[PDB]
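Raw input06.csv, CSV, C-alpha atoms:
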chain,number,residue,atom,x,y,z
A,149,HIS,CA,32.5,22.1,-9.3
A,150,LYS,CA,34.6,20.0,-6.9
A,151,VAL,CA,31.7,17.8,-5.9
A,152,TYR,CA,31.4,14.6,-7.9
A,153,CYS,CA,29.1,11.6,-7.8
A,154,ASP,CA,28.9,8.1,-9.2
A,155,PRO,CA,25.4,7.6,-10.5
A,156,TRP,CA,23.8,4.2,-9.5
A,157,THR,CA,20.5,2.6,-9.9
A,158,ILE,CA,18.5,3.2,-6.8
A,159,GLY,CA,18.7,-0.6,-6.8
A,160,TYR,CA,15.4,-0.9,-5.0
A,161,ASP,CA,13.6,1.6,-2.7
A,162,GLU,CA,10.2,0.6,-1.4
A,163,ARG,CA,9.3,4.2,-1.2
A,164,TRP,CA,8.9,4.4,-5.0
A,165,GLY,CA,8.9,0.9,-6.5
A,166,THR,CA,9.1,1.2,-10.3
A,167,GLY,CA,6.8,4.2,-10.4
A,168,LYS,CA,9.7,6.5,-11.2
A,169,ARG,CA,12.9,5.7,-12.9
A,170,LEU,CA,15.4,6.6,-10.2
A,171,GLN,CA,19.1,6.8,-9.5
A,172,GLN,CA,21.0,7.3,-6.3
A,173,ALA,CA,24.1,9.4,-6.3
A,174,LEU,CA,27.1,8.3,-4.2
A,175,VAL,CA,28.6,11.7,-3.5
A,176,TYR,CA,32.4,12.5,-3.4
A,177,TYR,CA,34.7,15.5,-3.3
A,178,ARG,CA,37.9,16.3,-5.2
A,179,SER,CA,40.1,19.2,-4.0
A,180,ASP,CA,41.7,18.9,-7.5
A,181,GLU,CA,40.3,17.3,-10.7
A,182,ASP,CA,43.2,14.9,-10.8
A,183,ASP,CA,42.5,13.5,-7.4
A,184,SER,CA,40.9,10.1,-6.7
A,185,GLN,CA,37.7,11.2,-5.1
A,186,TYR,CA,37.2,8.0,-3.1
A,187,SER,CA,39.1,9.2,-0.1
A,188,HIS,CA,36.5,11.9,0.4
A,189,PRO,CA,33.0,10.6,0.3
A,190,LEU,CA,30.1,12.8,1.6
A,191,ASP,CA,27.6,11.6,4.1
A,192,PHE,CA,24.3,12.1,2.2
A,193,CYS,CA,22.7,10.4,-0.7
A,194,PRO,CA,20.6,12.3,-3.3
A,195,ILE,CA,17.8,10.4,-5.2
A,196,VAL,CA,17.3,11.6,-8.7
A,197,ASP,CA,14.4,11.2,-11.2
A,198,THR,CA,16.1,10.0,-14.4
A,199,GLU,CA,13.5,11.2,-16.8
A,200,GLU,CA,12.6,14.5,-15.0
A,201,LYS,CA,16.2,15.1,-14.4
A,202,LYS,CA,15.9,16.4,-10.9
A,203,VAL,CA,16.6,15.5,-7.3
A,204,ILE,CA,13.4,14.3,-5.7
A,205,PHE,CA,14.8,13.3,-2.3
A,206,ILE,CA,18.0,13.3,-0.3
A,207,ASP,CA,18.8,10.5,2.3
A,208,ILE,CA,20.5,12.2,5.2
A,209,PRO,CA,22.1,10.4,8.2
A,210,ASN,CA,21.0,11.2,11.7
A,211,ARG,CA,24.7,11.5,12.5
A,212,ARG,CA,26.3,14.2,10.3
A,213,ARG,CA,29.9,13.8,9.1
A,214,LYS,CA,31.5,16.7,7.3
A,215,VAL,CA,34.1,16.3,4.5
A,216,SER,CA,37.4,14.8,5.4
A,217,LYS,CA,40.1,17.4,5.9
A,218,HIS,CA,42.8,14.9,5.0
A,219,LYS,CA,44.9,14.9,1.9
A,220,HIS,CA,43.3,12.8,-0.9
A,221,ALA,CA,44.8,9.4,-1.2
A,222,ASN,CA,46.2,9.6,-4.8
A,223,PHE,CA,48.0,7.1,-7.0
A,224,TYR,CA,49.4,8.7,-10.2
A,225,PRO,CA,53.2,9.0,-10.4
A,226,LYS,CA,53.3,12.7,-9.6
A,227,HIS,CA,51.3,11.9,-6.5
A,228,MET,CA,53.5,8.9,-5.6
A,229,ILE,CA,56.7,10.9,-6.1
A,230,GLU,CA,55.2,13.3,-3.5
A,231,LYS,CA,54.0,10.5,-1.2
A,232,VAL,CA,57.0,8.3,-1.2
A,233,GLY,CA,60.3,9.9,-2.4
A,234,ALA,CA,60.0,8.9,-6.0
A,235,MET,CA,58.9,6.2,-8.4
A,236,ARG,CA,60.7,2.9,-8.8
A,237,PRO,CA,63.1,2.9,-11.8
A,238,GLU,CA,61.6,1.5,-15.0
A,239,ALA,CA,62.4,-2.2,-15.1
A,240,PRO,CA,64.3,-4.1,-17.8
A,241,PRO,CA,61.8,-5.1,-20.5
A,242,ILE,CA,60.4,-8.5,-21.2
A,243,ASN,CA,59.5,-8.5,-24.8
A,244,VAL,CA,57.1,-11.0,-26.3
A,245,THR,CA,57.3,-11.6,-30.0
A,246,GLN,CA,55.7,-13.9,-32.6
A,247,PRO,CA,57.9,-13.5,-35.7
A,248,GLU,CA,56.0,-15.9,-37.8
A,249,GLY,CA,52.6,-14.8,-36.7
A,250,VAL,CA,50.0,-16.4,-34.4
A,251,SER,CA,48.6,-20.0,-34.6
A,252,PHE,CA,44.9,-19.0,-34.5
A,253,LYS,CA,42.8,-18.2,-37.5
A,254,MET,CA,39.8,-15.9,-37.4
A,255,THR,CA,37.2,-15.9,-40.2
A,256,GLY,CA,34.9,-13.0,-39.3
A,257,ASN,CA,33.9,-13.6,-35.7
A,258,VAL,CA,34.5,-17.4,-36.0
A,259,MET,CA,37.7,-18.5,-34.3
A,260,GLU,CA,39.8,-21.5,-35.0
A,261,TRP,CA,42.6,-22.7,-32.7
A,262,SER,CA,44.0,-26.0,-31.5
A,263,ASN,CA,41.0,-27.9,-32.9
A,264,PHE,CA,38.6,-25.6,-31.1
A,265,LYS,CA,36.2,-23.7,-33.2
A,266,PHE,CA,33.6,-21.2,-32.0
A,267,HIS,CA,32.0,-17.9,-32.7
A,268,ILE,CA,32.9,-14.8,-30.7
A,269,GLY,CA,29.8,-12.6,-30.2
A,270,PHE,CA,29.2,-9.5,-28.1
A,271,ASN,CA,26.4,-7.5,-26.7
A,272,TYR,CA,25.5,-4.5,-24.6
A,273,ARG,CA,24.6,-6.7,-21.6
A,274,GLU,CA,26.6,-9.9,-21.3
A,275,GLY,CA,29.7,-8.6,-23.1
A,276,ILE,CA,31.5,-11.5,-24.7
A,277,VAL,CA,29.3,-14.4,-25.8
A,278,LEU,CA,31.0,-17.6,-27.1
A,279,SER,CA,28.8,-19.9,-29.2
B,149,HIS,CA,-24.2,2.8,-14.1
B,150,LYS,CA,-24.8,-0.7,-12.9
B,151,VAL,CA,-21.1,-1.2,-12.2
B,152,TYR,CA,-20.1,-0.5,-8.6
B,153,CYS,CA,-16.9,-0.8,-6.7
B,154,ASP,CA,-15.7,-0.7,-3.1
B,155,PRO,CA,-12.7,1.7,-2.9
B,156,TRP,CA,-9.9,0.2,-0.8
B,157,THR,CA,-6.3,1.4,0.0
B,158,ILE,CA,-4.0,-0.4,-2.4
B,159,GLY,CA,-2.7,-1.7,0.9
B,160,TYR,CA,0.7,-2.1,-0.5
B,161,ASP,CA,1.9,-2.7,-4.0
B,162,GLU,CA,5.7,-2.8,-4.6
B,163,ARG,CA,5.2,-1.4,-8.0
B,164,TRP,CA,4.5,2.1,-6.6
B,165,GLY,CA,5.4,2.2,-2.9
B,166,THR,CA,4.3,5.5,-1.5
B,167,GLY,CA,5.2,7.5,-4.6
B,168,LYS,CA,1.5,7.9,-5.5
B,169,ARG,CA,-1.5,7.9,-3.2
B,170,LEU,CA,-3.3,4.8,-4.6
B,171,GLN,CA,-6.6,3.0,-4.2
B,172,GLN,CA,-7.7,-0.4,-5.6
B,173,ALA,CA,-11.3,-0.9,-6.6
B,174,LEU,CA,-13.0,-4.1,-5.9
B,175,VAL,CA,-15.5,-4.2,-8.8
B,176,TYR,CA,-19.1,-5.5,-8.6
B,177,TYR,CA,-22.3,-5.4,-10.6
B,178,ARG,CA,-25.9,-4.7,-9.7
B,179,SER,CA,-28.7,-5.6,-12.1
B,180,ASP,CA,-30.9,-3.3,-10.0
B,181,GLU,CA,-29.8,-0.6,-7.6
B,182,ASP,CA,-31.5,-2.4,-4.6
B,183,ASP,CA,-29.4,-5.5,-5.2
B,184,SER,CA,-26.6,-6.6,-2.9
B,185,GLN,CA,-23.8,-6.4,-5.4
B,186,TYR,CA,-21.6,-9.0,-3.7
B,187,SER,CA,-23.0,-12.0,-5.5
B,188,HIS,CA,-21.7,-10.5,-8.7
B,189,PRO,CA,-18.0,-9.5,-8.4
B,190,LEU,CA,-16.0,-8.9,-11.6
B,191,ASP,CA,-12.6,-10.4,-12.3
B,192,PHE,CA,-10.3,-7.4,-12.7
B,193,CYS,CA,-8.9,-4.8,-10.3
B,194,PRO,CA,-8.4,-1.1,-11.3
B,195,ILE,CA,-5.7,0.9,-9.6
B,196,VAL,CA,-6.6,4.6,-9.1
B,197,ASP,CA,-4.5,7.6,-8.4
B,198,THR,CA,-6.4,9.3,-5.5
B,199,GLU,CA,-5.0,12.8,-6.1
B,200,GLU,CA,-5.0,12.7,-9.9
B,201,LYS,CA,-8.4,11.0,-9.8
B,202,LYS,CA,-7.7,8.6,-12.6
B,203,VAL,CA,-7.1,4.9,-13.3
B,204,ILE,CA,-3.4,4.3,-13.7
B,205,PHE,CA,-3.4,0.5,-14.1
B,206,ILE,CA,-5.8,-2.5,-14.2
B,207,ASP,CA,-4.8,-5.8,-12.8
B,208,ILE,CA,-6.3,-8.4,-15.1
B,209,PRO,CA,-6.3,-12.2,-14.4
B,210,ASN,CA,-4.7,-14.6,-16.9
B,211,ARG,CA,-8.0,-16.6,-16.7
B,212,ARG,CA,-11.0,-14.4,-17.5
B,213,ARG,CA,-14.3,-14.9,-15.8
B,214,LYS,CA,-17.3,-12.9,-17.2
B,215,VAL,CA,-20.1,-11.6,-15.0
B,216,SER,CA,-22.2,-14.2,-13.3
B,217,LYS,CA,-25.5,-14.8,-15.0
B,218,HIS,CA,-27.3,-15.9,-11.8
B,219,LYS,CA,-29.9,-13.9,-9.9
B,220,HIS,CA,-28.4,-11.6,-7.3
B,221,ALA,CA,-28.5,-13.1,-3.7
B,222,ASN,CA,-30.6,-10.4,-2.0
B,223,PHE,CA,-31.9,-10.0,1.5
B,224,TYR,CA,-34.5,-7.3,1.9
B,225,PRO,CA,-38.1,-8.5,2.7
B,226,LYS,CA,-39.3,-7.9,-0.8
B,227,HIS,CA,-36.5,-10.1,-2.0
B,228,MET,CA,-37.1,-12.7,0.6
B,229,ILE,CA,-40.9,-12.9,-0.1
B,230,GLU,CA,-39.9,-13.7,-3.6
B,231,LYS,CA,-37.1,-16.2,-2.6
B,232,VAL,CA,-39.0,-18.1,0.1
B,233,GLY,CA,-42.8,-17.8,0.0
B,234,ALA,CA,-43.0,-15.0,2.5
B,235,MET,CA,-41.6,-13.3,5.6
B,236,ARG,CA,-42.1,-14.7,9.1
B,237,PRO,CA,-44.9,-13.1,11.0
B,238,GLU,CA,-43.9,-10.2,13.2
B,239,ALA,CA,-43.1,-11.7,16.7
B,240,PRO,CA,-44.8,-10.7,20.0
B,241,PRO,CA,-42.8,-7.8,21.3
B,242,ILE,CA,-40.5,-7.8,24.3
B,243,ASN,CA,-40.6,-4.3,25.7
B,244,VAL,CA,-37.8,-3.0,27.9
B,245,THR,CA,-38.8,-0.1,30.1
B,246,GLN,CA,-37.0,2.0,32.8
B,247,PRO,CA,-39.9,4.0,34.4
B,248,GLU,CA,-37.8,5.7,37.0
B,249,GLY,CA,-34.9,6.4,34.8
B,250,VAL,CA,-31.4,4.9,34.5
B,251,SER,CA,-28.9,4.4,37.3
B,252,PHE,CA,-25.9,5.9,35.5
B,253,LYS,CA,-25.0,9.6,35.7
B,254,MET,CA,-23.2,11.5,32.9
B,255,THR,CA,-21.6,14.8,33.4
B,256,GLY,CA,-20.5,15.9,30.0
B,257,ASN,CA,-18.5,13.0,28.7
B,258,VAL,CA,-17.8,11.8,32.2
B,259,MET,CA,-19.6,8.7,33.2
B,260,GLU,CA,-20.5,7.5,36.7
B,261,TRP,CA,-22.0,4.1,37.3
B,262,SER,CA,-21.7,1.4,40.0
B,263,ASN,CA,-18.7,3.1,41.5
B,264,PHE,CA,-17.0,3.3,38.2
B,265,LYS,CA,-16.1,6.7,36.9
B,266,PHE,CA,-14.4,7.4,33.5
B,267,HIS,CA,-14.3,9.7,30.6
B,268,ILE,CA,-15.9,8.7,27.3
B,269,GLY,CA,-13.8,10.2,24.4
B,270,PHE,CA,-14.0,9.5,20.7
B,271,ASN,CA,-11.9,10.2,17.6
B,272,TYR,CA,-11.7,9.6,13.8
B,273,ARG,CA,-9.3,6.7,14.2
B,274,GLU,CA,-9.9,4.6,17.3
B,275,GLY,CA,-13.5,5.4,17.7
B,276,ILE,CA,-14.4,5.2,21.4
B,277,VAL,CA,-11.7,5.9,23.9
B,278,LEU,CA,-12.2,5.3,27.6
B,279,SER,CA,-9.9,7.3,29.9
For this file, write the structure as structure tokens.
Amino acid sequence: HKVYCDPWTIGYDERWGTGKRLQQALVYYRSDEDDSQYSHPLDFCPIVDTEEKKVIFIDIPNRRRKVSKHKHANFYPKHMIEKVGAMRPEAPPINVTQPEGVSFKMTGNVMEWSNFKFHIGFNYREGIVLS
Amino acid sequence: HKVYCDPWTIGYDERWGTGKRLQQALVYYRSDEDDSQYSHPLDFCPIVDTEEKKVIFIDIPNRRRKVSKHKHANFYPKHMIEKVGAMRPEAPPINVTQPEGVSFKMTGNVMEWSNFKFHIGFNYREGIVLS
């Protein structure tokens, strides 16, 4: 339950081509759920059949490297306080305010600003699309 | 039943890699079983799953070419007699005879001849293997 993995496309593996929808799992380990797993990668790489939902192969290195026994390299405040004495004091705020509103005008997805006019679109792939 | 094909390895097709044991069929057509099918190839190429014993894909050209309507290009005597008027007359024989036997001596697969001595092996892959 402490073993995690980032699921990636296999990218391309000549052993299977497009004959099977595959993923490769970059394996990591957390000694605690709040850890950043990236300090503890594992040395092998499981290949998974997306549709069949099962591991069909595991790429294992000739040279084996067991889990790192070092502390995880974490970054949340509690972690930091522990790492370095404590967190830096909150800093004086810099507040940004637009009392009379903004100068741009949006009509649906159509934007209007400083003489510019365009449509702001968006899709699953490209993300933002200006037209 | 007039459609034939020479079964080849797919060789290599990046669409499947080694994920499936595949064959590609070079398709031909005989208007008569005694024909040499090679004057009549077809334009498409079926991909077959060896283990599953079934066509999993067919490569079809963008430009279609239907069966040739010409006579098959045959080479057996009956074909030749028809093609050119007739066969050449049998030629005077040249007989080779070794009345007192051969000069080489084989002891099992071991050969001995003209001071040479070697073992004649054979296997499924390489064929003859001299050792």
Open item on the list: With 6 Å as the limit and counting all atoms listed in the file, what residues in chain B lie close to chain A? Please list them as a ChimeraX atom specification.
Closed with: /B:162-167
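Counting from atom CA of residue 190 of chain B, the distance to atom CA of residue 209 of chain B is 10.6 Å.
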Task: Atomic distance atom CA of residue 232 of chain B - atom CA of residue 175 of chain B, expressed in Å with one decimal - done: 28.7 Å
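We find atom CA of residue 229 of chain A and atom CA of residue 154 of chain A to be spaced 28.1 Å apart.
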Task: Polymer residues at most 12 Å from residue 223 of chain B, only C-alpha atoms, same-chain spacing of 2 or more positions, as JSON, numbers by chain - done: {"B": [182, 183, 184, 185, 186, 187, 220, 221, 225, 226, 227, 228, 229, 230, 231, 232, 235]}
- [ ] Find the residue from A:178, A:169, A:253, A:150 that sits nearest to residue 195 of chain A; use all atoms listed in the file when measuring.
- [x] A:169
Can you pull out every residue within 10 Å of residue 157 of chain A, counting only C-alpha atoms, but drop anything in the same chain fewer than 2 positions away, and send it as a compact mmCIF listing (two decimals) with C-alpha atoms, in the coordinates of the input?
# COMPACT_ATOMS: atom_id res chain seq x y z
CA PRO A 155 25.40 7.60 -10.50
CA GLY A 159 18.70 -0.60 -6.80
CA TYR A 160 15.40 -0.90 -5.00
CA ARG A 169 12.90 5.70 -12.90
CA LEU A 170 15.40 6.60 -10.20
CA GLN A 171 19.10 6.80 -9.50
CA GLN A 172 21.00 7.30 -6.30
CA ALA A 173 24.10 9.40 -6.30
CA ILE A 195 17.80 10.40 -5.20
CA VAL A 196 17.30 11.60 -8.70
CA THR A 198 16.10 10.00 -14.40
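Neighbouring residues of residue 207 of chain A at 9 Å or closer, counting only C-alpha atoms and skipping chain neighbours under 5 positions away, are residues 192, 193, 194 and 195 of chain A.
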TODO: Please tell me which residues are no farther than 12 Å from (35.9, 14.9, 7.4) in the file, counting all atoms listed in the file, and write them as a PyMOL selection string.
DONE: chain A and resi 176-177+187-191+212-220
Open item on the list: List as a PyMOL selection string the protein and nucleic acid residues near residue 263 of chain B, meaning an atom at most 12 Å away when all atoms listed in the file are counted, but skip any in the same chain fewer than 4 places from it.
Closed with: chain B and resi 251-253+259
Could you save the residues just selected, with C-alpha atoms, as a CSV table (one decimal), in the frame of the given file?
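Saved as result-v5.csv:
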chain,number,residue,atom,x,y,z
B,251,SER,CA,-28.9,4.4,37.3
B,252,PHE,CA,-25.9,5.9,35.5
B,253,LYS,CA,-25.0,9.6,35.7
B,259,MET,CA,-19.6,8.7,33.2
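Using all atoms listed in the file for every distance, the candidate list B:279, B:238, B:254, B:244 yields B:279 as the residue closest to residue 266 of chain B.
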Any idea what's packed within 8 Å of residue 268 of chain B, counting all atoms listed in the file, ignoring anything in its chain fewer than 6 positions away? Could you give it as a PDB file with C-alpha atoms, in the frame of the given file?
ATOM      1  CA  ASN B 257     -18.500  13.000  28.700  1.00  0.00           C
ATOM      2  CA  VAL B 258     -17.800  11.800  32.200  1.00  0.00           C
ATOM      3  CA  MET B 259     -19.600   8.700  33.200  1.00  0.00           C
ATOM      4  CA  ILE B 276     -14.400   5.200  21.400  1.00  0.00           C
ATOM      5  CA  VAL B 277     -11.700   5.900  23.900  1.00  0.00           C
ATOM      6  CA  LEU B 278     -12.200   5.300  27.600  1.00  0.00           C
ATOM      7  CA  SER B 279      -9.900   7.300  29.900  1.00  0.00           C
TER       8      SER B 279
END
Please, can segment 210-235 of chain B be completed to N, CA, C and O atoms and returned as a tab-separated table (two decimals), keeping the file's coordinate frame?
chain	number	residue	atom	x	y	z
B	210	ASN	N	-5.10	-13.87	-15.64
B	210	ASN	CA	-4.70	-14.60	-16.90
B	210	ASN	C	-5.94	-15.39	-17.33
B	210	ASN	O	-6.12	-15.61	-18.52
B	211	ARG	N	-6.75	-15.81	-16.37
B	211	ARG	CA	-8.00	-16.60	-16.70
B	211	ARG	C	-9.14	-15.61	-16.49
B	211	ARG	O	-9.44	-15.17	-15.39
B	212	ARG	N	-9.83	-15.31	-17.59
B	212	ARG	CA	-11.00	-14.40	-17.50
B	212	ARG	C	-12.27	-15.09	-17.14
B	212	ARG	O	-12.57	-16.20	-17.58
B	213	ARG	N	-13.03	-14.40	-16.29
B	213	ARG	CA	-14.30	-14.90	-15.80
B	213	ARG	C	-15.31	-13.75	-16.02
B	213	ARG	O	-15.17	-12.70	-15.40
B	214	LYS	N	-16.30	-13.97	-16.88
B	214	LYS	CA	-17.30	-12.90	-17.20
B	214	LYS	C	-18.37	-12.88	-16.07
B	214	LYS	O	-18.53	-13.82	-15.31
B	215	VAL	N	-19.10	-11.78	-16.01
B	215	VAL	CA	-20.10	-11.60	-15.00
B	215	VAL	C	-21.00	-12.86	-14.84
B	215	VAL	O	-21.33	-13.55	-15.80
B	216	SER	N	-21.39	-13.09	-13.60
B	216	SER	CA	-22.20	-14.20	-13.30
B	216	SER	C	-23.59	-13.94	-13.90
B	216	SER	O	-24.04	-12.80	-13.92
B	217	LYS	N	-24.24	-14.97	-14.40
B	217	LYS	CA	-25.50	-14.80	-15.00
B	217	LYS	C	-26.66	-15.23	-14.09
B	217	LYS	O	-27.80	-15.36	-14.50
B	218	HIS	N	-26.32	-15.46	-12.83
B	218	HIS	CA	-27.30	-15.90	-11.80
B	218	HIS	C	-28.03	-14.71	-11.23
B	218	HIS	O	-27.59	-13.57	-11.37
B	219	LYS	N	-29.15	-14.98	-10.56
B	219	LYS	CA	-29.90	-13.90	-9.90
B	219	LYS	C	-29.01	-13.43	-8.75
B	219	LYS	O	-28.19	-14.17	-8.22
B	220	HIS	N	-29.17	-12.17	-8.37
B	220	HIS	CA	-28.40	-11.60	-7.30
B	220	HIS	C	-28.91	-12.32	-6.03
B	220	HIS	O	-30.07	-12.73	-5.99
B	221	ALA	N	-28.06	-12.45	-5.00
B	221	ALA	CA	-28.50	-13.10	-3.70
B	221	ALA	C	-28.83	-11.89	-2.82
B	221	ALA	O	-28.00	-11.31	-2.15
B	222	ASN	N	-30.11	-11.56	-2.78
B	222	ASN	CA	-30.60	-10.40	-2.00
B	222	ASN	C	-31.19	-10.78	-0.65
B	222	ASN	O	-31.53	-11.93	-0.39
B	223	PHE	N	-31.36	-9.78	0.21
B	223	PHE	CA	-31.90	-10.00	1.50
B	223	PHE	C	-32.94	-9.13	2.11
B	223	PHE	O	-33.33	-9.29	3.27
B	224	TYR	N	-33.44	-8.18	1.33
B	224	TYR	CA	-34.50	-7.30	1.90
B	224	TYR	C	-35.81	-8.13	1.77
B	224	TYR	O	-35.94	-9.03	0.95
B	225	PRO	N	-36.77	-7.81	2.65
B	225	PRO	CA	-38.10	-8.50	2.70
B	225	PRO	C	-38.72	-8.73	1.35
B	225	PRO	O	-39.27	-9.81	1.11
B	226	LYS	N	-38.69	-7.75	0.46
B	226	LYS	CA	-39.30	-7.90	-0.80
B	226	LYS	C	-38.60	-9.05	-1.58
B	226	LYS	O	-39.23	-9.84	-2.29
B	227	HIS	N	-37.29	-9.11	-1.40
B	227	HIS	CA	-36.50	-10.10	-2.00
B	227	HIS	C	-36.78	-11.49	-1.44
B	227	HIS	O	-36.92	-12.49	-2.15
B	228	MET	N	-36.88	-11.51	-0.11
B	228	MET	CA	-37.10	-12.70	0.60
B	228	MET	C	-38.51	-13.31	0.30
B	228	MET	O	-38.66	-14.51	0.13
B	229	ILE	N	-39.51	-12.44	0.22
B	229	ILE	CA	-40.90	-12.90	-0.10
B	229	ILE	C	-40.84	-13.59	-1.43
B	229	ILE	O	-41.59	-14.54	-1.66
B	230	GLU	N	-39.97	-13.13	-2.31
B	230	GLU	CA	-39.90	-13.70	-3.60
B	230	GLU	C	-39.08	-15.05	-3.54
B	230	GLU	O	-39.47	-16.04	-4.16
B	231	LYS	N	-37.99	-15.04	-2.78
B	231	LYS	CA	-37.10	-16.20	-2.60
B	231	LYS	C	-37.81	-17.34	-1.92
B	231	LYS	O	-37.95	-18.43	-2.46
B	232	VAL	N	-38.23	-17.10	-0.69
B	232	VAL	CA	-39.00	-18.10	0.10
B	232	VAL	C	-40.39	-17.50	-0.04
B	232	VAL	O	-40.53	-16.30	-0.29
B	233	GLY	N	-41.42	-18.30	0.12
B	233	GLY	CA	-42.80	-17.80	0.00
B	233	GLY	C	-43.11	-16.41	0.58
B	233	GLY	O	-43.75	-15.57	-0.06
B	234	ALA	N	-42.72	-16.19	1.83
B	234	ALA	CA	-43.00	-15.00	2.50
B	234	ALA	C	-42.18	-14.74	3.72
B	234	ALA	O	-41.32	-15.55	4.05
B	235	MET	N	-42.40	-13.63	4.41
B	235	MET	CA	-41.60	-13.30	5.60
B	235	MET	C	-42.28	-13.99	6.78
B	235	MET	O	-43.44	-14.37	6.71
